[PDB]
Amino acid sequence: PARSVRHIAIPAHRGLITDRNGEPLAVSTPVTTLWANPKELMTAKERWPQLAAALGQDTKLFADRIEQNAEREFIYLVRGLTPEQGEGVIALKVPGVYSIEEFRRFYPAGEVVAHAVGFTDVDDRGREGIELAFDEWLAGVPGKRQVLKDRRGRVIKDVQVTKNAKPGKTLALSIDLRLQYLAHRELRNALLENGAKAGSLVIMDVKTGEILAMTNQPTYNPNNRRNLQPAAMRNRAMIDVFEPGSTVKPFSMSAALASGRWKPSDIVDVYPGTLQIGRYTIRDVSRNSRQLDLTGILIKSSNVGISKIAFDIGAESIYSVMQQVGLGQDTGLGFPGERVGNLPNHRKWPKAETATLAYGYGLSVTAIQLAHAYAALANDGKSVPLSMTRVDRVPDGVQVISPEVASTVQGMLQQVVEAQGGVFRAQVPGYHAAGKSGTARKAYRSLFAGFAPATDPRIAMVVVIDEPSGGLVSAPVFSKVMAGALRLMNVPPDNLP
């Protein structure tokens, strides 16, 4: 053409991501991009070597690159320069070479909140985490303007803006960066001490459904992704599925106490630590007991004890509690490759399946699901939807366990942490803590799920440590992060004289 009127897209500024207190976690930064018009470049060959050497390119590869594209009006030269190397190259004044400021993401907290926030691709689109999950909200609407272009396809005139670029909107996460630092650090120190390869730690507000901290090791620096490894990029807390084992026994007990047939002081004979059912044998981790009360069944994590209770009340009651607290269910968070795990259902529950569900081998969950289930028990039996964004108006949420049963089970989990023979390494200096260890098979994962303070719960937490060198590995991690979380949140002690 003698001349052509053309569309040009005006990029939108991507919305700021903050923590719940407004601390920046992802910010769109002006970067210097140099681009070129080959058609203009072909008229200034004597400038190429100087241009090549400025971009640190082999003269010949650069010349071959221009010649092989002599028919196009655009090629990137280099993206993500400081203003200085922009002006260092524009200083040359090569025909067909231009500087533009593009927006690129910077992650001020880096590796500390990598998995939760995620990262954008080269086109400034979300690739992982919140960046992908809220991409529409954050992206805004690119703009449009009419330009006039010559034979060589260069902008000779700005005609009009036809649509204004709409800025992306700010997003406050539920994450408290201070709790997230404490969690990242304590988990890192736990893997080292315990000789473990990987791990996750989730902290939830039991009243609001807010995820206050979500940390995975190993982690990566999202500002430097050249030496990428899918191992480091793995959001384990939302992706890793495991059999929760003893950590779901409190939901089996919740069904027992709601049945009308069981109270805490009731007794089960678990001698001799094994129970044959058809061809299958249920086996306890410790086999030194006869009569146990329901609290003792939790303290000893007796698979025999919880099996005999499950046979008495039926698997249907247990399945229903686990379903209602979200185990094996969609979290509704919309994070990419979030797994739902599996809470298998039956019309007919034989003894074998009934027992395996009750002691937590008949299902697979994520750390986030387990944390959400502990939040509902901790919130006196009321489930609140999970949120990764700051909650200002709390949803109504659902009464899934009766407050009386939830209170009784809280008191049981407090005695699991506090009673002689209990998980004493979970005790939280300040406050009555409540929780339960488990081991999930792989080699295995050490689990601890709990909440505090035990009387007036505020925070639920799950700690997963994969293949240490079982559950008395995770207990101390919970102790440290919980004390630290309750203090950063100015929660007051409930263990006083």
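Basically, rigid core = biggest C-alpha set you can superpose within 1.5 Å across the two forms. Each residue number is its position in the shown sequence, starting from 1.
- Note on 330-338 and 419-427: with rigid core alignment, C-alpha atoms in 7 other deposited structures of this protein sit farther from this form for 330-338.
- For 267-275 versus 137-145, the mean Cα distance to the shown form in 7 other deposited structures of this protein after rigid core alignment is larger for 137-145.
- Gap between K442 and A443: 10 or more deposited residues without coordinates.
- Counting the deposited residues that fall between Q50 and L51 and carry no coordinates gives zero.
- For the two regions 352-360 and 95-103, the entry's Cα B-factors average higher over 95-103.
- As listed in the deposited structure, the average C-alpha B-factor of 75-83 and of 198-206 is greater for 75-83.
- Across the residues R151, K249, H346, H184, the deposited record lists the maximum Cα B factor for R151.
- When the C-alpha B-factors of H372, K163, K308, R236 are ranked from the entry, the top spot goes to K163.
- Among the modelled residues of its chain, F134 has a C-alpha B-factor that falls in the middle third according to the deposited record.
- Ranked by Cα temperature factor within the chain, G470 sits in the highest third according to the deposited record.
- Ranked against the other modelled residues of its chain, the C-alpha B-factor of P403 as given in the entry falls in the middle third.
- Among the modelled residues of its chain, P11 has a C-alpha B-factor that falls in the highest third according to the deposited record.
- Split the chain's modelled residues into thirds by C-alpha temperature factor. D124 is in the highest one.
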